[PDB]
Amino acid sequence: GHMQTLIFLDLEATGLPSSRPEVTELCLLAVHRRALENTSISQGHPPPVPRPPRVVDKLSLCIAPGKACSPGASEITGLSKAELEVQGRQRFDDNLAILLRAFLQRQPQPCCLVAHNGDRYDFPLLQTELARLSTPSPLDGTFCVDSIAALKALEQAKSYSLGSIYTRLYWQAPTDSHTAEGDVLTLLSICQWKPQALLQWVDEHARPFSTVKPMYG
């Protein structure tokens, strides 16, 4: 093995890729590889939803966008530009990059970001947001992985939405859907199903986050 830290990540945003979206919420959940392994091999039909590991670093932040959320985006996320602004939320700026860098620096390296549909949404969007900044990217030196690819490779060894996978494994609806922390915790639970095989796959397929093409711009 080699990845020492897995950082489960989700974003909420103003809309879909075609609308050229801006991030409205992000959550990072850093778990050491040993904490993942030390979840039991899921047993029972269905297995109970596992508790997160005790030792965990968490960062969840709301972010004011420069453009308004779409009707459908505000509906599912429960966030709006006006509500983010009135509650004094700041934009995706240099101070946020320092925050992210300092958080990431507290983790043993190498680090791998894990996001559901990360390759098509979360990673390219995050790359676009960071490229606007004047500070060096805080995610330089870090690696990344799409959990959908992970689950597909583990499963094969129809819907692949986060909710559908979770309900298939646990026979329960996920909670706090379409919130950054809620979806991160849901993703964690899914990745605790076969953590030893997951980490093995992650070490095999982790790519530099610097190779991720920006969504736009």
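Superpose the two forms; the largest set of C-alphas matching within 1.5 Å is the rigid core. All residue numbers refer to positions in the sequence shown, first residue = 1.
**Q.** Stretch with greater C-alpha deviation in 6 other deposited structures of this protein, 23-31 versus 50-58 (rigid core superposition)
**A.** Higher root mean square deviation of C-alphas in 6 other deposited structures of this protein is shown by 50-58.
Q. What stretch shows more C-alpha movement in 6 other deposited structures of this protein relative to this form, 183-191 or 169-177, after the core is superposed?
A. The answer is 169-177, which departs more from the shown form in 6 other deposited structures of this protein.
Q: May I ask whether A64 is missing from the deposited models in at least a third of the other compared entries?
A: Per the records, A64 is modelled in all the other entries.
Q) Do at least a third of the other compared PDB entries leave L154 without coordinates? A) Across the other compared entries, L154 is absent from none.
Q | Unresolved deposited residues lying between neighbours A157 and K158 | A | Missing residues, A157 to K158: 4 to 9.
Q: Look up the CA B-factors in the entry and say which stretch, 58-66 or 39-47, has the higher mean.
A: Higher of the two, by average CA B-factor, is 39-47.
Q: Give the position of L16 by CA B-factor within its chain, expressed as the lowest, middle or highest third.
A: Highest third.
Q: Using the B-factor values recorded in the entry, state whether the Cα atom of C111 falls in the lowest, middle or highest third among the modelled residues of its chain.
A: For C111, whose C-alpha B-factor we compare with every modelled residue in the chain, the answer is the middle third.
Q.
Splitting the chain's C-alpha B-factors into thirds, which one does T135 fall into?
A. Its C-alpha B-factor belongs to the highest third of this chain's values.
Q: Quick one: classify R33 as lowest, middle or highest third of the chain based on its Cα B-factor.
A: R33: CA B-factor falls in the highest third of its chain.
Q) Going by the entry, which third of its chain does the Cα temperature factor of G72 land in? A) Highest third - that is where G72 ends up once the chain's C-alpha B-factors are sorted.
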